[PDB]
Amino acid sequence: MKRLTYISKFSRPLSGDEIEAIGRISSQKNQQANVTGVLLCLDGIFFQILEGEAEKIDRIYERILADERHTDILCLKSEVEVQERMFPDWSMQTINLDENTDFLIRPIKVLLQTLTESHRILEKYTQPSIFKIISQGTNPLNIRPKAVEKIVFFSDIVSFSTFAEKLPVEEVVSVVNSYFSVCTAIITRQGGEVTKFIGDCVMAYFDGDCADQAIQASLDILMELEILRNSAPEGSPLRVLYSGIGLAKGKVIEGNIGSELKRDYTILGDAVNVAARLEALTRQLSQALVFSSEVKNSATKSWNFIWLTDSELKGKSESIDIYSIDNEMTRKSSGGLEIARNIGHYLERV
């Protein structure tokens, strides 16, 4: 079978009566499906273990995930090869530790709480792909390195040094984090993975056969930033936030790369270098979005490709043909590269 173990946070307060009530209705709809498990709660935190049929389990959990009485739902463990059940006795036993006064459950309550808020902290510092992998039923640390084709995405803020020059530290961080949120949301919805931030640069990747998603995610980012600029308060740093984006494609190594005590599940390869180099040429080329020939040809949609240049770098000494896409949004975003050359004054007066 499949055994899922998750934790979540109360969206708003709940009383034992509502908790127990969710317990009962849980047990019933569970008995119907031969699903077994436990539900605990401790100071506004839910713990649950559910076991049963794969298709059954995922369907319950899809409903648990869209239920608005809890949030920050995180799968701690997914076992997909289960043959045994740990909670044969309960369709959905519920244990409210808040009310518990028992002598040994007490020291155990404060451990749980401390373990949990700690885990919550680490979650915030943890790459998204790690929890994906965990929810797909694998331990990230056990994945062997592998060669894979990827589209690599690289982006940064135009004239970011002017920002950090002129703005108080809290505004600078605020601006960068806004940027990073915009990119991460759109890249994730489009099926990609944001893998690293460095300075004000985003690095991400999509599966090798997803050039169209890479390009679209990028056009969407340009669009989102345009909404954000024209929507921002008067004098806002935000009104002159502009990005350059660079796309490349290549075979890369995917896996656990790092020192002994600290690793990233990430990629490593020539395409990472190429995408970064491409993004850096967006100033010279006056194109907010630049990508390689291979990204272009690997694309299968009717994009309005424009040949930009024949350019050198690296490497093997061969010139690489560089492309963008011509439409209202890239034109506006490309014009924004010029604007961004001279925002020091504007920024000065925030």
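Don't overthink the numbering: it's just position in the shown sequence, from 1.
Mean C-alpha B-factor is higher over 103 to 111 than over the other stretch, the pair under comparison being 235 to 243 and 103 to 111.
Taking only CA atoms, the mean B-factor in the PDB entry is higher for 89 to 97 than for the other of 147 to 155 and 89 to 97.
As recorded in the PDB entry, 50 shows the highest C-alpha B-factor of the residues 290, 295, 45, 50. Per-chain ranking of the deposited C-alpha B factor places residue 142 in the middle third. Ranked by C-alpha B-factor against the other modelled residues of its chain, residue 130 falls in the middle third. In the deposited entry, the Cα temperature factor of residue 80 sits in the top third of values across the chain's modelled residues.
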